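Visitor: Right, I'll just put the structure down here and ask away after.
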Amino acid sequence: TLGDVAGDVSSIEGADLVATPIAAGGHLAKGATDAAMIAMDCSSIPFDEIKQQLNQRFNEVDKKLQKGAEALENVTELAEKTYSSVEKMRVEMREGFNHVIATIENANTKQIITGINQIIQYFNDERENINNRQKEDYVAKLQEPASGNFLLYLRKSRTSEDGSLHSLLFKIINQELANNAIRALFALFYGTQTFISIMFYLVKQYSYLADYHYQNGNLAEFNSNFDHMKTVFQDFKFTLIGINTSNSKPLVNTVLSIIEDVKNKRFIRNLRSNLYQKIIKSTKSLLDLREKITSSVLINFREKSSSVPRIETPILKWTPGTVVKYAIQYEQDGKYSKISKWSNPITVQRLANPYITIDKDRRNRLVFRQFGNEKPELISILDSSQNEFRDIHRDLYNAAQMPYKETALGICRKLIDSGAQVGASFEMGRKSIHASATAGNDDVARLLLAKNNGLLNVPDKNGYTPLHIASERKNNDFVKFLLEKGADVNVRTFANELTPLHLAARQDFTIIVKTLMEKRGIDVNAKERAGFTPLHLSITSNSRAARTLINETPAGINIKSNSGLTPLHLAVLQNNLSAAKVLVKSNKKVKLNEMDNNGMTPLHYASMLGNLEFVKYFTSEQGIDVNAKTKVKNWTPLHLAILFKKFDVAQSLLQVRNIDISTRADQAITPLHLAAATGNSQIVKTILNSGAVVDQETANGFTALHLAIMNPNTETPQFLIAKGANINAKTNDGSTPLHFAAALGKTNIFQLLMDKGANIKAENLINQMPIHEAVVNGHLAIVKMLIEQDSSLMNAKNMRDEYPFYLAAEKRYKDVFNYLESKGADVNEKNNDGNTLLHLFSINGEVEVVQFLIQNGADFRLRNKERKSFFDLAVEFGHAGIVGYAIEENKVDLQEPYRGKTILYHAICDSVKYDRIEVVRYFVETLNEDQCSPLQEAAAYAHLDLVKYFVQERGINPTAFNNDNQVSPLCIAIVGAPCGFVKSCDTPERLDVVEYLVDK
């Protein structure tokens, strides 16, 4: 919500301090209140993230060039639009791409996938790394040598070139037509999204640096950077719209074709694919826009010079002995084209009389002229013709800008006598009069008053009137002597409309605001773009400005601003005590409880910022409106003080005046819970000494006891014990704090709970025995005491088919496991209800806990209740790796006859029963086939995946031998004589392999 930031920085008053109230509104607009949030182990994260976003907003706003530097700001805004849209896509894609790490190592060559992941994260980190520097540091580090176009060099052609992985990856999705395919498809999808992000960001940053160094830096490398981003944009245009036959197909269109083939598959998958379908629209929009972009003008022009001998003037602003190098640029319909050349840079010892022999054109020409250094660099903005008049106009403008008024009057007289026509625009704006206003020169304007229409109301690029410009120049008497002409007094500027009264407030000019107020009866409480009065914009000046403006004239002392900010609010924020004092001493109709847009009063800001003197002054002086509920969910300043870990202010606010403790803040939150969350013994003891409730359960069913337990502090537990708190408590789930106490891992607090009658027998709606938590979190001592207390109740059953030793197992903590096994716990063969525990983990795809318990001495050769082998179970769900580690452990290589079955008879049956491709690939990794032809076994049930895989990993035809029409699986599948697997041939797999065999 950086738009709110812009609206609230329209008043330059307190940018960061007036950015804090949007964090306060986020506190007010987001449904934060719940026990996890109250623990504040979270709150710091969202608030720090909001502060970091605000820091990004500020350290990008301060880099921005104001207006009218080079017309390619249209290109820049096109950038920000399309770019930022790419991040609306990319932020949502990020949470999904976090999931792909779960299924790592399913392809042999996933190192390229992790390489692209680390590359994209590397530049995502660098974006914020560079994005927090200073202006000069920003430009220097974007000009940093030995890296330069580091991103361009990295993204040009690398060993991890996406074209190589592109074909094989589309083969992986072709497998998905029949998973790792989803994982790597989304890897490349995020890849192309971040590639378009790279392109937009790169062209944006080239544009920004071109503008930055084009503001009087140098036009030469400005044109160089112009060519640079033109080349980059057309390079991407070629890479994704290629008009070369001997070139790779565009990535975006091939991805699209994959999307149609996937939807043609008509199969189910994870919701990640659904997010992909949601992002399809964004991808196609980005495509269409990228081909519709092609921006700036594409051409340059040529011109010449000519010395006009009409008049001769001795001039010093036109410095003698300097070069007359000039150049022109194109500017039409809000676009620009840069050029840089002066074939005849001359150093004539004459006036500004040399005109330009510019060839006529249909495009408006901006003509600059150069001494050989950094100049205004804006002299003519013409359409058809001009004969050296622009140079005279530039001399007039810069002379007006000169502060030497005593000589400015003489030089302006001598130039206007020569015919220095006025009204021309400079720096793409009507300036000259405003340049004089900046310099504060008097006689120059008083003799230009011949053009009464101009000086009266001439606007600027942003509509800055000469009154607006002179209002921030300390030039009081000159404003006096130029005001008699009767200029408009409610006139404003174009963008971020402001009156000169509005703008004078920040610059602390009491004399100037006086000068304004004792002339006519001018409006004083006039608003502006964000709905602010000049009173609001004065307090940061922290001097006599506002103190004067309060009482010297009637004004908008209490006016509801559009942002909801009043002088009281600002005086609170920017920590201006004297302004608050003088505002209180006015004793006019200054309402104190005037709500803002958010819904919380200046006292609330004072508490949140944690300013002691403001709080006590507010509690003492006014004696009115010192504690009340807020607009939506009824906060108090004390609540804010507790939340933001400000203590001294908290007990000060308690001791200044009676503040009700029975308050009903959101979810009936009394500040006892908040104080417990902070964990300050003196604060909580003082609150209880104030007659506070001891065991008030909140609307979520939480009391301060649980939350205090989750706090690291250990004293307020005993404090709550002493102050009569129900030890046997019921949370939102009806849970008991023993669960949380064990979860955190405080042995001594747990012992105290046990001493005061806590009951281990307690549970929740899903009957969580505290042993479950005590083992999943993991610690020795809690287990020791609970055993010594009540024999673990033989580790009773949970909701799922779980025996607490199971959780202790997949936790894999050495000491507790050894303790449980030594003193008697669940063991592998006690799983008689179904198969054994080893036979049970492999069903749920266990990888490491099985191996670690085997090396923990657990037996291996047990036979399950279902006669079906542990190796076979490992094979059945893609876990033959455990069989391999059994081989290296030398458990047994199952080639010995089990009911006549050997290693080959164990590779056949399960790979027919289940489609574990990786297990077959591991079997062939342990290189052997034993003349097996699993293609024909698959075709016995006509499974196309396995027959295609055998074809691709062997190359032999699916029918190598011949017989009396019975050896071929095609005839077996089609004729289906003895009703064996015939009545269920309706499955398309029965005709799938038919074609892959007919084709050969």
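So basically every Cβ, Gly included, is an ideal-geometry build from the backbone, and we count neighbours across all protein chains shown. What is reported rests on the model, the rules as stated and the sources as named; nothing here is a laboratory result.
Visitor: Tell me which residues, restricted to the stretch 73-100, are aliphatic (A, V, I, L, M) and under 21 Å from the mean Cα position of the chain (by Cα).
Guide: Within the stretch 73-100, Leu78, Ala79, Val86, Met89, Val91, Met93, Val100 qualify.
Visitor: Then there's this: Please note which strands (runs of 3 or more DSSP E) are completely contained in the stretch 288-368 and include at least 2 residues that are closer than 23 Å to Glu70 by Cβ.
Guide: Those strands (runs of 3 or more DSSP E) span 325-331.
Visitor: Report, by residue number, each residue of the stretch 894-934 that is acidic (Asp, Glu) and more than 54 Å from the chain's Cα centre (by Cα).
Guide: Matches in the stretch 894-934: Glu896, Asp930.
Visitor: Let me ask you something else. Can you find even one residue in the stretch 609-623 that is more than 26 Å from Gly679 (Cβ to Cβ), out of contact with any helix residue (DSSP H, G or I) (no Cβ under 8 Å at 6 or more places or on another chain) and in a loop (DSSP other than H, G, I, E, B)?
Guide: yes
Visitor: Answer with yes or no whether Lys646 is within 39 Å of the chain's Cα centre (by Cα) and part of a loop (DSSP other than H, G, I, E, B). Working first, answer last.
Guide: Numbers: within 39 Å of the chain's Cα centre (by Cα): yes; part of a loop (DSSP other than H, G, I, E, B): yes.
The answer is yes for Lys646.
Visitor: Please state which of the following conditions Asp16 fails to meet, knowing it meets all the rest: (1) among the charged types (D, E, K, R); (2) part of a helix (DSSP H, G or I); (3) within 21 Å of the chain's Cα centre (by Cα); (4) closer than 24 Å to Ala571 by Cβ.
Guide: Unmet condition: (2).
Visitor: Among the residues of the stretch 918-938, how many are among the aliphatic types (A, V, I, L, M) and surrounded by fewer than 15 Cβ atoms within 10 Å (Cβ to Cβ)?
Guide: The total comes to 2.
Visitor: Could I ask something else about it? Specify the residue that is nearest to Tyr208 (Cα to Cα); the eligible residues are those in the stretch 78-91 that are charged (D, E, K, R) and exposed (fewer than 14 other Cβ atoms within 10 Å of the Cβ).
Guide: Ranking the candidates gives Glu80 first.
Visitor: So is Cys971 assigned to a helix (DSSP H, G or I), outside the structural domain of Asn108 (by TED's automatic domain parsing), out of contact with any helix residue (DSSP H, G or I) (no Cβ under 6 Å at 6 or more places or on another chain) and under 19 Å from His879 (Cβ atoms) or not?
Guide: For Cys971, the condition - assigned to a helix (DSSP H, G or I), outside the structural domain of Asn108 (by TED's automatic domain parsing), out of contact with any helix residue (DSSP H, G or I) (no Cβ under 6 Å at 6 or more places or on another chain) and under 19 Å from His879 (Cβ atoms) - is not met.
Visitor: Taking the stretch 118-156 on its own, how many of its residues are surrounded by 11 or more Cβ atoms within 10 Å (Cβ to Cβ), farther than 17 Å from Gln193 by Cα and of a type outside the set (D, E, K, R)?
Guide: Here the count works out to 15.
Visitor: Another one. Condition (residue is part of a loop (DSSP other than H, G, I, E, B), closer than 21 Å to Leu640 by Cα and of a type in the set (S, T, N, Q)) applied to the stretch 678-694: is it met by at least one residue?
Guide: Yes: the stretch 678-694 contains one or more residues that are part of a loop (DSSP other than H, G, I, E, B), closer than 21 Å to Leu640 by Cα and of a type in the set (S, T, N, Q).
Visitor: Just to verify a result, which residue in the stretch 19-31, among those that are within 20 Å of the chain's Cα centre (by Cα) and in a loop (DSSP other than H, G, I, E, B), is surrounded by the most Cβ atoms within 10 Å (Cβ to Cβ)?
Guide: Filtering first and then ranking leaves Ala19.
Visitor: So, in the stretch 509-546, of the ones that are surrounded by fewer than 19 Cβ atoms within 10 Å (Cβ to Cβ) and over 19 Å from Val491 (Cα atoms), which residue ends up nearest to the chain's Cα centre (by Cα)?
Guide: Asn542
Visitor: Give the stretch 249-265 a look and list any residue that's over 16 Å from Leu188 (Cα atoms) and either surrounded by 13 or more Cβ atoms within 10 Å (Cβ to Cβ) or among the acidic types (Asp, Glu) (or both), or say none.
Guide: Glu260, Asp261, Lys265
To keep it simple, each residue is scored yes or no on (1) over 30 Å from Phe170 (Cβ atoms); (2) part of a helix (DSSP H, G or I).
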residue: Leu202; (1), (2): no, yes
residue: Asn216; (1), (2): yes, no
residue: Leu240; (1), (2): no, yes
residue: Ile243; (1), (2): no, no
residue: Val252; (1), (2): no, yes
residue: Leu256; (1), (2): no, yes
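Visitor: Among the helices (runs of 4 or more DSSP H) lying completely within the stretch 828-895, list those that include at least 2 residues that are in contact with a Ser or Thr (Cβ under 6 Å, 6 or more places away or on another chain) and within 27 Å of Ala102 (Cβ to Cβ).
Guide: Once the helices (runs of 4 or more DSSP H) in the stretch 828-895 are filtered for at least 2 residues that are in contact with a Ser or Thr (Cβ under 6 Å, 6 or more places away or on another chain) and within 27 Å of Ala102 (Cβ to Cβ), what remains is 870-876.
Visitor: I'd like the residue in the stretch 649-665 that is small (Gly, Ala, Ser) and in a helix (DSSP H, G or I) and, out of all such residues, is surrounded by the fewest Cβ atoms within 10 Å (Cβ to Cβ).
Guide: My answer is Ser652.
Visitor: Test of understanding: among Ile749, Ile771, which residue is in contact with a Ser or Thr (Cβ under 8 Å, 6 or more places away or on another chain), β-branched (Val, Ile, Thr) and under 21 Å from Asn713 (Cα atoms)?
Guide: Just one listed residue meets the conditions, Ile749.
Visitor: Could you tell me which residue of the stretch 271-291 is farthest from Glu92 (Cα to Cα), considering only residues that are surrounded by fewer than 15 Cβ atoms within 10 Å (Cβ to Cβ) and of a type in the set (D, E, K, R)?
Guide: Ranking the candidates gives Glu291 first.
Visitor: Give the residues of the stretch 369-386 that are part of a loop (DSSP other than H, G, I, E, B) and under 48 Å from the mean Cα position of the chain (by Cα), sorted by residue number.
Guide: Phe371, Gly372, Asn373, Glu374, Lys375, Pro376, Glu377, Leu378, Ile379, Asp383
Visitor: OK, next. Filter the stretch 748-799 for residues that are acidic (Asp, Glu) and surrounded by 13 or more Cβ atoms within 10 Å (Cβ to Cβ); which is nearest to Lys823 (Cα to Cα)?
Guide: Only one residue fits best here, namely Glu773.
Visitor: Also: Would a scan of the stretch 841-848 turn up a residue that is acidic (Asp, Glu), under 52 Å from the mean Cα position of the chain (by Cα) and surrounded by fewer than 16 Cβ atoms within 10 Å (Cβ to Cβ)?
Guide: Among the residues of the stretch 841-848, at least one is acidic (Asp, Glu), under 52 Å from the mean Cα position of the chain (by Cα) and surrounded by fewer than 16 Cβ atoms within 10 Å (Cβ to Cβ), which makes the answer yes.
Visitor: If we keep just the residues of the stretch 387-433 that are under 51 Å from the mean Cα position of the chain (by Cα) and polar (S, T, N, Q), which is surrounded by the most Cβ atoms within 10 Å (Cβ to Cβ)?
Guide: Ranking the qualifying residues of the stretch 387-433, first place goes to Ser432.
Visitor: Could you identify the single residue in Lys338, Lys304 that is over 21 Å from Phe170 (Cα atoms), more than 34 Å from the chain's Cα centre (by Cα), surrounded by 17 or more Cβ atoms within 10 Å (Cβ to Cβ) and not aromatic (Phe, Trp, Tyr)?
Guide: Only one candidate qualifies: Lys338.
Visitor: Which of the residues belonging to the stretch 547-591 are within 19 Å of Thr499 (Cα to Cα), among the β-branched types (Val, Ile, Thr) and surrounded by fewer than 17 Cβ atoms within 10 Å (Cβ to Cβ)?
Guide: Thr553, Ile559
Visitor: Residues being buried (at least 18 other Cβ atoms within 10 Å of the Cβ) and not aromatic (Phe, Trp, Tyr): count how many of those fall in the stretch 808-824.
Guide: Adding up the residues that qualify gives 4.
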